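A lone chain, given as structure tokens: the form deposited in one PDB entry.
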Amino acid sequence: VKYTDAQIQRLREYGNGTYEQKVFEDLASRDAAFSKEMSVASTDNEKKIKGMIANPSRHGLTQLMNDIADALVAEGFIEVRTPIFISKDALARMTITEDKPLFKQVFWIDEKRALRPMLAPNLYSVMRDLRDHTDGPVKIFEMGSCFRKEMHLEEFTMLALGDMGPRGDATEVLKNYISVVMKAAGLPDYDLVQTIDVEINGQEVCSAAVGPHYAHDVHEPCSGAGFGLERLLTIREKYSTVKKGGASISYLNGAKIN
């Protein structure tokens, strides 16, 4: 037998082991193993919190953002920051209209504005405006919170990068940007799947595309990529749920504080 569904949830509350694979010969040995792993998880958790208090660090998600950002600046990307509020018109230009499944996921603030569910609308706007000021390509990125009604969080942190303007072998260039990010995040091993998706062990962590010309008749060449940063951190740190590494009032850097 295996751990019961309820035992798995109990083990994952304080523990970050891999519990779903354990197999046992009878209920007695399952229950003995469970008691031991619960005790170890809880004590390990307590020690980890005591260590953060004794030797505080930058938050794990902030650190991951800084590691990636310094890699992208070194590659010539400008960091931008855009508003969390976006307009209904802006969503509709992303083709996010009443009929699109994503539309039902939007948090509205009033009749005309919403919490952004992705960074792309704002980033494309900023890229196009920066291209008005130069003959060369423009490469930018943003990291920030996005929101969707719902490895899913209602508030999650997206990294979005974009490259607009003259570029040769766009697809190879985009794959290299993905490499830069994944390597800077400490996740060098990953699969590319088909638009390009990045997966680790079947779990999508990025969606990227060349030429998303989805207002103007004539477009600049453009490519971009969006990464879920809590997902990357969860996979790298081997946290047993996606709720432990990001923003929380129950978890702090993988450890449960209550």
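Residue numbers here begin at 1 and follow the sequence given. Basically, rigid core = biggest C-alpha set you can superpose within 1.5 Å across the two forms.
Going from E150 to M151, the model skips 4 to 9 deposited residues, which lack coordinates. The stretch of deposited sequence separating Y214 from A215 contains 1 to 3 residues lacking coordinates in this entry. Stretch comparison (196-204 versus 41-49) by mean CA B-factor in the PDB entry places 196-204 on top. Taking the PDB entry as given, 164-172 carries the higher mean Cα B factor of the two stretches 141-149 and 164-172. Ranking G76, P83, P117, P188 by the C-alpha B-factor listed in the PDB entry places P188 at the top. If you compare the C-alpha temperature factors of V242, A247, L11, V23 in the entry, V23 comes out highest. When the modelled residues of the chain are ordered by their C-alpha B factor, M127 lands in the middle third.
When the CA B factors of the chain's modelled residues are split into thirds, the value for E220 lands in the highest one.
Ranked against the other modelled residues of its chain, the C-alpha B-factor of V1 as given in the entry falls in the highest third.
Remark: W108 belongs to the middle third of its chain, ranked by C-alpha B-factor as recorded. Ranked within its chain, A33 lands in the middle third, by CA B factor from the PDB record.
Keep in mind that the form deposited in another entry is missing from the display, and what follows is about it.
Once the core is superposed between this form and the one not shown, every option in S29, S42, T62, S207 stays below 2 Å in C-alpha shift except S29.
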